[PDB]
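Structure file start-v8.txt (compact mmCIF, C-alpha atoms) is printed below.
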# COMPACT_ATOMS: atom_id res chain seq x y z
CA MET A 1 -22.07 5.65 26.41
CA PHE A 2 -19.61 5.12 23.40
CA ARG A 3 -17.48 3.29 25.81
CA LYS A 4 -17.82 0.12 23.81
CA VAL A 5 -19.57 0.49 20.54
CA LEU A 6 -20.23 -2.31 18.02
CA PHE A 7 -20.40 -1.84 14.34
CA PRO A 8 -21.59 -4.62 12.07
CA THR A 9 -20.46 -4.38 8.48
CA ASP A 10 -22.07 -6.47 5.66
CA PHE A 11 -19.51 -4.80 3.40
CA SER A 12 -21.98 -2.63 1.59
CA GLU A 13 -21.03 0.52 -0.06
CA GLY A 14 -23.87 1.35 2.32
CA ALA A 15 -21.85 0.02 5.23
CA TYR A 16 -18.82 1.87 3.95
CA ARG A 17 -20.61 5.23 3.67
CA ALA A 18 -21.91 5.03 7.18
CA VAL A 19 -18.33 5.10 8.54
CA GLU A 20 -17.73 8.29 6.65
CA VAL A 21 -20.93 9.79 7.79
CA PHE A 22 -20.17 9.03 11.40
CA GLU A 23 -16.88 10.63 11.06
CA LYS A 24 -18.58 13.74 9.79
CA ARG A 25 -21.12 13.84 12.60
CA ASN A 26 -19.23 12.68 15.56
CA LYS A 27 -16.77 14.93 17.30
CA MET A 28 -17.09 12.93 20.52
CA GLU A 29 -14.48 10.43 21.58
CA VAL A 30 -15.29 6.65 21.48
CA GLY A 31 -14.03 3.99 23.97
CA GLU A 32 -13.62 0.78 21.97
CA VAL A 33 -15.06 -0.20 18.66
CA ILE A 34 -15.77 -3.88 18.17
CA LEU A 35 -15.99 -4.18 14.48
CA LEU A 36 -17.95 -7.08 13.18
CA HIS A 37 -18.71 -8.99 10.03
CA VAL A 38 -21.12 -11.96 10.03
CA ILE A 39 -20.93 -14.21 6.93
CA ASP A 40 -24.51 -14.67 5.72
CA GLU A 41 -25.10 -18.33 6.12
CA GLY A 42 -28.22 -17.99 4.02
CA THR A 43 -26.34 -16.79 0.97
CA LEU A 44 -24.05 -19.52 1.28
CA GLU A 45 -27.22 -21.69 1.12
CA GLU A 46 -28.32 -19.62 -1.91
CA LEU A 47 -25.08 -20.40 -3.69
CA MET A 48 -25.54 -24.20 -3.21
CA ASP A 49 -28.93 -24.15 -4.97
CA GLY A 50 -26.89 -22.41 -7.67
CA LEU A 51 -18.27 -28.79 -0.61
CA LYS A 52 -19.65 -25.98 1.66
CA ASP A 53 -16.00 -24.75 2.09
CA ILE A 54 -16.33 -21.75 0.00
CA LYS A 55 -16.56 -21.19 3.75
CA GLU A 56 -12.90 -21.10 4.60
CA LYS A 57 -12.45 -19.07 1.43
CA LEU A 58 -15.22 -16.91 2.82
CA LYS A 59 -13.61 -16.46 6.17
CA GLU A 60 -10.42 -15.28 4.49
CA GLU A 61 -12.14 -12.89 2.13
CA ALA A 62 -13.61 -11.43 5.42
CA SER A 63 -10.63 -11.74 7.82
CA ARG A 64 -8.69 -9.87 5.11
CA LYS A 65 -11.07 -7.12 4.23
CA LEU A 66 -11.90 -6.58 7.83
CA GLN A 67 -8.34 -6.17 9.08
CA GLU A 68 -7.62 -4.20 6.03
CA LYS A 69 -10.21 -1.85 7.40
CA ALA A 70 -10.30 -1.82 11.04
CA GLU A 71 -7.74 1.08 11.16
CA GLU A 72 -9.98 3.22 9.09
CA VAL A 73 -12.89 2.61 11.29
CA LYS A 74 -10.98 3.37 14.56
CA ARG A 75 -10.17 6.74 13.26
CA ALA A 76 -13.44 7.47 11.53
CA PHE A 77 -14.75 7.09 15.07
CA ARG A 78 -12.90 8.75 17.71
CA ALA A 79 -12.19 5.41 19.30
CA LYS A 80 -9.07 4.62 21.19
CA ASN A 81 -9.29 0.91 20.52
CA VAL A 82 -10.64 -1.26 17.77
CA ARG A 83 -11.06 -5.07 17.65
CA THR A 84 -12.48 -7.19 14.88
CA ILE A 85 -14.99 -10.10 15.02
CA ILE A 86 -15.92 -12.65 12.18
CA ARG A 87 -19.02 -14.64 12.55
CA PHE A 88 -21.06 -17.24 10.90
CA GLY A 89 -24.87 -17.47 10.96
CA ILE A 90 -27.80 -15.09 10.38
CA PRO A 91 -26.73 -11.49 10.63
CA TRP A 92 -29.26 -9.95 13.06
CA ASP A 93 -29.13 -13.21 14.91
CA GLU A 94 -25.30 -13.02 15.28
CA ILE A 95 -25.26 -9.37 15.95
CA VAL A 96 -27.63 -9.45 18.92
CA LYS A 97 -25.55 -12.36 20.08
CA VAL A 98 -22.27 -10.56 19.92
CA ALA A 99 -23.65 -7.46 21.57
CA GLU A 100 -24.86 -9.48 24.54
CA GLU A 101 -21.78 -11.62 24.57
CA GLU A 102 -19.21 -8.75 24.60
CA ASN A 103 -21.50 -6.53 26.76
CA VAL A 104 -21.20 -3.74 24.18
CA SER A 105 -22.62 -0.24 25.30
CA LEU A 106 -24.41 0.59 22.05
CA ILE A 107 -24.83 -0.77 18.51
CA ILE A 108 -24.33 1.37 15.45
CA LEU A 109 -26.15 0.22 12.36
CA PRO A 110 -26.03 1.82 8.95
CA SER A 111 -29.64 2.43 8.15
CA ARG A 112 -29.61 0.84 4.67
CA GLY A 113 -28.19 -2.59 4.66
CA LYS A 114 -28.45 -1.99 0.83
CA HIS A 115 -33.63 6.18 1.03
CA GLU A 116 -36.05 6.06 4.12
CA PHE A 117 -36.67 2.37 3.61
CA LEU A 118 -34.98 0.57 6.59
CA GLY A 119 -33.01 -2.56 5.85
CA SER A 120 -34.34 -5.81 7.18
CA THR A 121 -31.51 -6.94 9.38
CA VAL A 122 -31.48 -3.52 11.08
CA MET A 123 -35.27 -3.54 11.64
CA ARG A 124 -34.74 -6.98 13.20
CA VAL A 125 -31.77 -6.47 15.56
CA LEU A 126 -33.72 -3.41 16.39
CA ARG A 127 -36.33 -5.38 18.18
CA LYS A 128 -34.53 -8.44 19.09
CA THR A 129 -31.86 -6.62 21.20
CA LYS A 130 -31.69 -5.41 24.73
CA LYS A 131 -28.73 -2.96 24.01
CA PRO A 132 -29.43 0.53 22.72
CA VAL A 133 -28.95 1.28 19.11
CA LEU A 134 -28.10 4.25 17.03
CA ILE A 135 -28.95 4.12 13.43
CA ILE A 136 -27.23 6.29 11.05
CA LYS A 137 -28.09 7.67 7.70
CA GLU A 138 -26.09 10.29 5.60
CA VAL A 139 -24.37 13.72 6.22
CA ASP A 140 -26.39 16.94 6.44
CA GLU A 141 -26.93 19.83 3.94
CA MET B 1 -22.95 13.68 18.50
CA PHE B 2 -24.32 14.53 21.95
CA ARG B 3 -23.78 18.17 21.03
CA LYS B 4 -27.48 18.91 20.75
CA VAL B 5 -29.59 15.89 21.17
CA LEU B 6 -33.37 16.10 20.89
CA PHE B 7 -35.50 14.01 22.97
CA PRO B 8 -39.23 13.73 22.76
CA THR B 9 -41.19 13.07 25.94
CA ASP B 10 -44.38 11.27 25.82
CA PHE B 11 -45.06 12.21 29.30
CA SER B 12 -45.62 8.45 29.32
CA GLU B 13 -44.14 5.73 31.52
CA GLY B 14 -41.72 4.75 28.77
CA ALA B 15 -40.61 8.35 28.57
CA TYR B 16 -39.44 8.59 32.16
CA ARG B 17 -37.85 5.20 32.12
CA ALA B 18 -35.88 6.05 29.00
CA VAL B 19 -34.59 8.94 31.02
CA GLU B 20 -33.31 6.74 33.93
CA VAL B 21 -31.89 4.28 31.49
CA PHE B 22 -30.00 7.04 29.69
CA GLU B 23 -29.02 8.27 33.08
CA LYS B 24 -27.61 4.82 34.14
CA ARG B 25 -26.36 3.62 30.74
CA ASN B 26 -24.77 6.95 29.78
CA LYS B 27 -21.83 8.80 31.18
CA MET B 28 -20.65 11.21 28.42
CA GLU B 29 -21.74 14.73 28.51
CA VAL B 30 -24.47 16.10 26.27
CA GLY B 31 -24.01 19.79 24.92
CA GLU B 32 -27.71 20.86 24.84
CA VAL B 33 -30.87 18.78 25.00
CA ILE B 34 -34.18 20.03 23.63
CA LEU B 35 -36.85 18.32 25.51
CA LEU B 36 -39.79 18.29 22.99
CA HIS B 37 -43.48 17.50 23.60
CA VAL B 38 -45.91 17.39 20.84
CA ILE B 39 -49.36 17.49 22.06
CA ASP B 40 -51.10 15.30 19.48
CA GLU B 41 -53.53 16.90 17.02
CA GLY B 42 -55.26 13.54 16.60
CA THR B 43 -55.92 12.55 20.23
CA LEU B 44 -57.83 15.64 21.32
CA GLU B 45 -60.34 14.96 18.45
CA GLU B 46 -61.92 12.87 20.98
CA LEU B 47 -62.89 16.58 21.64
CA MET B 48 -66.14 14.87 22.80
CA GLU B 49 -65.64 25.65 24.58
CA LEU B 50 -63.71 25.90 21.34
CA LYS B 51 -60.02 25.92 20.25
CA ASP B 52 -58.50 27.03 23.48
CA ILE B 53 -58.94 23.82 25.24
CA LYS B 54 -55.92 23.43 23.08
CA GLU B 55 -54.27 26.08 25.02
CA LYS B 56 -55.09 24.87 28.50
CA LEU B 57 -53.17 21.79 27.35
CA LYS B 58 -50.39 24.03 26.38
CA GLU B 59 -49.69 25.24 30.01
CA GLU B 60 -50.48 21.70 31.16
CA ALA B 61 -47.49 20.87 28.99
CA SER B 62 -45.18 23.65 30.36
CA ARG B 63 -46.29 22.38 33.80
CA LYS B 64 -44.61 18.98 33.87
CA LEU B 65 -42.35 19.90 31.03
CA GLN B 66 -40.83 22.95 32.25
CA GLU B 67 -40.22 21.34 35.51
CA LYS B 68 -38.90 17.96 34.03
CA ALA B 69 -36.65 20.37 32.15
CA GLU B 70 -34.33 20.35 35.04
CA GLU B 71 -34.00 16.58 35.84
CA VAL B 72 -33.37 15.60 32.22
CA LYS B 73 -30.58 18.18 31.99
CA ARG B 74 -29.30 16.40 35.00
CA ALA B 75 -29.62 12.90 33.51
CA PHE B 76 -28.17 13.59 30.13
CA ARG B 77 -25.44 15.21 32.10
CA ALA B 78 -26.18 18.03 29.83
CA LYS B 79 -24.42 21.39 29.86
CA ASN B 80 -27.90 23.03 28.75
CA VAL B 81 -31.52 22.32 28.39
CA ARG B 82 -34.59 23.88 26.82
CA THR B 83 -38.20 23.20 26.05
CA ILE B 84 -40.34 23.17 22.96
CA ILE B 85 -44.08 22.42 22.81
CA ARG B 86 -45.68 21.97 19.42
CA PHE B 87 -49.17 20.83 18.35
CA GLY B 88 -49.58 18.14 15.77
CA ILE B 89 -48.82 14.59 14.78
CA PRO B 90 -46.18 13.35 17.06
CA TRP B 91 -43.67 11.86 14.49
CA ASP B 92 -44.14 14.75 12.16
CA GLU B 93 -43.43 17.35 14.70
CA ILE B 94 -40.44 15.36 16.02
CA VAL B 95 -39.04 15.24 12.50
CA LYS B 96 -39.93 18.83 11.73
CA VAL B 97 -38.19 20.11 14.82
CA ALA B 98 -35.23 17.79 14.45
CA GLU B 99 -34.41 19.23 11.09
CA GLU B 100 -35.05 22.81 11.98
CA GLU B 101 -32.75 23.08 14.98
CA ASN B 102 -30.03 21.29 13.18
CA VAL B 103 -29.72 18.78 16.04
CA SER B 104 -26.88 16.22 16.32
CA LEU B 105 -28.99 13.28 17.29
CA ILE B 106 -32.50 12.31 18.10
CA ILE B 107 -33.04 10.09 21.15
CA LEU B 108 -36.23 8.11 21.62
CA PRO B 109 -37.61 5.51 24.03
CA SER B 110 -38.32 2.18 22.32
CA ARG B 111 -41.80 1.75 23.71
CA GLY B 112 -44.05 4.34 25.38
CA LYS B 113 -46.40 1.59 26.82
CA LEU B 114 -45.12 -5.04 28.19
CA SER B 115 -41.67 -6.23 26.83
CA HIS B 116 -38.54 -5.27 24.76
CA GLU B 117 -40.01 -6.01 21.26
CA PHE B 118 -43.07 -3.89 20.81
CA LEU B 119 -41.32 -1.18 18.90
CA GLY B 120 -43.56 1.83 19.04
CA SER B 121 -44.87 3.29 15.83
CA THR B 122 -44.15 6.94 16.58
CA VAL B 123 -40.65 5.52 16.83
CA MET B 124 -40.68 3.60 13.64
CA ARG B 125 -42.09 6.64 11.80
CA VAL B 126 -39.43 9.12 12.93
CA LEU B 127 -36.94 6.31 12.29
CA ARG B 128 -38.03 6.21 8.66
CA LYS B 129 -38.63 9.85 7.78
CA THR B 130 -35.66 11.50 9.37
CA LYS B 131 -32.06 12.25 8.03
CA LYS B 132 -30.70 12.88 11.48
CA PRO B 133 -29.12 9.93 13.55
CA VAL B 134 -31.29 8.18 16.10
CA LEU B 135 -30.74 6.62 19.46
CA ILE B 136 -33.32 4.15 20.46
CA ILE B 137 -32.88 3.56 24.16
CA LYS B 138 -34.71 0.70 25.86
CA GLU B 139 -33.74 -0.61 29.38
CA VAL B 140 -30.64 -1.22 31.47
CA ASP B 141 -28.18 -4.13 32.01
CA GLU B 142 -27.67 -6.79 34.76
CA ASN B 143 -27.60 -5.04 38.18

Conversion result in C-alpha cells:
Amino acid sequence: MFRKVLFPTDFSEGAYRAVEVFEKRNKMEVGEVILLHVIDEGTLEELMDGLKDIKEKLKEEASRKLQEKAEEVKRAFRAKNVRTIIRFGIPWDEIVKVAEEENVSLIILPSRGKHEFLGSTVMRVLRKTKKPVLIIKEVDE
Amino acid sequence: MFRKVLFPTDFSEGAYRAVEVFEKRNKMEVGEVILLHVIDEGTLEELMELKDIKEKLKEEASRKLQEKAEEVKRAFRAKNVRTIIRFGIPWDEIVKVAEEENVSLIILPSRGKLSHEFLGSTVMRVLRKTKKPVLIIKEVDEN
C-alpha cells in the first residue's frame, strides 16, 4: 500500500508542512513517490483579467522548485524512489487524472490547501477519485 | 503509520467491502488495529423495557464484532487486533477514541451504503474534526 504514492503540491506553506508532518508520523517505508505540481490554469486566467506565456515562465518556476525539492520529499517519506510531474489544468481535475494514469496506490493530500476546514481541491479529488486517499493534518501533542 | 490503525465498522455492506479492498489493495503489515463500533445514540431513539435494550445491543455488537475481530486482523495483515464498543454519535466516538488511544491512522470506508461519489457524512465529519491522519478506502482496481 505505499508502493506508489502520489503527492500533489500547490506549493503552500501548507503543502510544505505536510511533508514534515508525514516524516514525523511515518516510520514505514514507501515504494515510489510521484511528486506532482499542477499549474492552476484558473489563476492564470485570473491574471489575464488583471501573451498567455507567463506559462513557460510558469513551467520553469515549477520545474525548478519541484526538482529543487524532490530530494527532500523522498527522504521525508521513506520512499526508495521519487519522480516529479508538472501539469497544466485544474488541480483536482489533473490530480485524479495522474493518479489513474500512473496507477498510483494511494494519494496523499495535505488537508489545508491554504484548521478543520478542508480545502476545496482536496474535498473534490476526494470524491472524484477511484484511488484511496490519505489526508494529513499536523503532528501530535 | 500502520502502527496502530483504527478502523470503524458500520457493520454495514460498505464496512465489509472496505475490508476486502484493504485486503486486496494493501500488502504492508499493520502493527495493531482497533476495530471500533459505535452503536449510535441517535438511531435507537426510534426506541418506539428501559435502558438495557441498550445492553442487549452491546452483546449483539460483541457477537459479530468479536468474531470479525479475527478476519480483519487477517486482512490488515495485522500483527494484533482488539475491539472497542462505545455508545454515542458515530463520528464523535470515532474521534474521541482516535485521540485517546494515540492511534497512527484512522481508516474509513468511503460510503457505508450506489457509486464512488456519495461521500458519507460520518466520514466527512471525522475527516473534519480529527487531528489524526485518515485513510479513506473505496474499491479496488482493474482485475

Problem set entry | Atomic distance CA of residue 16 (chain B) - CA of residue 111 (chain B), expressed in Å with one decimal | 11.1 Å

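Protein, DNA and RNA residues at most 9 Å from (-17.6, -3.2, 19.1), with all atoms listed in the file, are these: residues 4, 5, 6, 7, 8, 32, 33, 34, 35, 36, 82, 83, 84, 85, 98, 99, 102, 104, 105, 106, 107 and 108 of chain A.
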
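One finds CA of residue 137 (chain B) at 4.8 Å from CA of residue 132 (chain A).
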
Problem set entry | Neighbour list for region 111-113 of chain A as a list in words, cut-off 10 Å, only C-alpha atoms, skip fewer than 3 positions in-chain | residues 9, 10, 11, 12, 13, 14, 15, 18, 108, 116, 117, 118, 119, 120, 121, 122, 123, 134, 135, 136, 137 and 138 of chain A; 127, 128, 133 and 134 of chain B

Problem set entry | One-decimal distance in Å that lies between CA of residue 77 (chain B) and CA of residue 61 (chain B) | 23.0 Å

For this session: Please report as a ChimeraX atom specification which residues of chain B come no farther than 8 Å from chain A, using all atoms listed in the file.
Result: /B:1-2,25-28,104,116-119,128-140

For this session: Extract, using all atoms listed in the file, all DNA, RNA and protein residues at most 12 Å from residue 84 (chain B), discarding same-chain residues fewer than 4 positions from it, and format them as a list in words.
Result: residues 6, 7, 8, 9, 33, 34, 35, 36, 37, 38, 39, 58, 59, 61, 62, 65, 66, 69, 93, 94, 97, 98 and 101 of chain B

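If only C-alpha atoms are the atoms counted, then among B:115, B:142, B:90, B:85 the closest residue to residue 64 (chain B) is B:85.
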
Give, as JSON, the centre coordinates and the x, y and z edge lengths in Å to one decimal for an axis-aligned box around all listed atoms of region 97-101 of chain B, padded by 4 Å on each side.
{"center_x": -35.5, "center_y": 20.4, "center_z": 13.0, "size_x": 13.4, "size_y": 13.3, "size_z": 11.9}

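The residue that comes closest to residue 95 (chain A), out of A:19, A:48, A:79, A:38 and on the basis of all atoms listed in the file, is A:38.
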
For this session: Compile the contact shell of residue 57 (chain A) as a ChimeraX atom specification: residues with an atom at most 12 Å away, counting all atoms listed in the file, same-chain residues fewer than 6 positions apart removed.
Result: /A:39,44,51,63-64

Problem set entry | Distance criterion (all atoms listed in the file): nearest to residue 87 (chain B) out of B:44, B:123, B:18, B:114 | B:44

Reconstruct N, CA, C and O atoms of region 115-126 of chain B; output as a PDB file, keeping the file's coordinate frame.
ATOM      1  N   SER B 115     -42.799  -5.588  27.635  1.00  0.00           N
ATOM      2  CA  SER B 115     -41.670  -6.230  26.830  1.00  0.00           C
ATOM      3  C   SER B 115     -40.843  -5.452  25.724  1.00  0.00           C
ATOM      4  O   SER B 115     -41.342  -4.501  25.044  1.00  0.00           O
ATOM      5  N   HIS B 116     -39.590  -5.925  25.563  1.00  0.00           N
ATOM      6  CA  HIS B 116     -38.540  -5.270  24.760  1.00  0.00           C
ATOM      7  C   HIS B 116     -38.638  -5.556  23.240  1.00  0.00           C
ATOM      8  O   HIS B 116     -37.599  -5.594  22.569  1.00  0.00           O
ATOM      9  N   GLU B 117     -39.851  -5.765  22.699  1.00  0.00           N
ATOM     10  CA  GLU B 117     -40.010  -6.010  21.260  1.00  0.00           C
ATOM     11  C   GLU B 117     -41.051  -5.157  20.608  1.00  0.00           C
ATOM     12  O   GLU B 117     -40.927  -4.799  19.418  1.00  0.00           O
ATOM     13  N   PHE B 118     -42.098  -4.832  21.369  1.00  0.00           N
ATOM     14  CA  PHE B 118     -43.070  -3.890  20.810  1.00  0.00           C
ATOM     15  C   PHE B 118     -42.212  -2.656  20.523  1.00  0.00           C
ATOM     16  O   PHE B 118     -41.603  -2.071  21.460  1.00  0.00           O
ATOM     17  N   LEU B 119     -42.106  -2.312  19.236  1.00  0.00           N
ATOM     18  CA  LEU B 119     -41.320  -1.180  18.900  1.00  0.00           C
ATOM     19  C   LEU B 119     -41.928   0.169  19.243  1.00  0.00           C
ATOM     20  O   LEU B 119     -41.276   0.997  19.819  1.00  0.00           O
ATOM     21  N   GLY B 120     -43.163   0.439  18.929  1.00  0.00           N
ATOM     22  CA  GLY B 120     -43.560   1.830  19.040  1.00  0.00           C
ATOM     23  C   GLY B 120     -43.620   2.229  17.594  1.00  0.00           C
ATOM     24  O   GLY B 120     -42.772   1.832  16.794  1.00  0.00           O
ATOM     25  N   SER B 121     -44.670   2.941  17.231  1.00  0.00           N
ATOM     26  CA  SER B 121     -44.870   3.290  15.830  1.00  0.00           C
ATOM     27  C   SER B 121     -44.707   4.811  15.593  1.00  0.00           C
ATOM     28  O   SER B 121     -44.499   5.216  14.417  1.00  0.00           O
ATOM     29  N   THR B 122     -44.808   5.639  16.662  1.00  0.00           N
ATOM     30  CA  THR B 122     -44.150   6.940  16.580  1.00  0.00           C
ATOM     31  C   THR B 122     -42.670   6.722  16.244  1.00  0.00           C
ATOM     32  O   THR B 122     -42.123   7.383  15.341  1.00  0.00           O
ATOM     33  N   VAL B 123     -42.052   5.774  16.946  1.00  0.00           N
ATOM     34  CA  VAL B 123     -40.650   5.520  16.830  1.00  0.00           C
ATOM     35  C   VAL B 123     -40.299   5.168  15.405  1.00  0.00           C
ATOM     36  O   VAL B 123     -39.741   5.979  14.675  1.00  0.00           O
ATOM     37  N   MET B 124     -40.651   3.968  15.010  1.00  0.00           N
ATOM     38  CA  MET B 124     -40.680   3.600  13.640  1.00  0.00           C
ATOM     39  C   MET B 124     -40.855   4.755  12.602  1.00  0.00           C
ATOM     40  O   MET B 124     -40.130   4.825  11.570  1.00  0.00           O
ATOM     41  N   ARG B 125     -41.825   5.637  12.821  1.00  0.00           N
ATOM     42  CA  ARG B 125     -42.090   6.640  11.800  1.00  0.00           C
ATOM     43  C   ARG B 125     -41.060   7.795  11.745  1.00  0.00           C
ATOM     44  O   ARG B 125     -40.652   8.252  10.645  1.00  0.00           O
ATOM     45  N   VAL B 126     -40.614   8.259  12.910  1.00  0.00           N
ATOM     46  CA  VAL B 126     -39.430   9.120  12.930  1.00  0.00           C
ATOM     47  C   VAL B 126     -38.266   8.344  12.315  1.00  0.00           C
ATOM     48  O   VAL B 126     -37.697   8.818  11.319  1.00  0.00           O
TER      49      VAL B 126
END
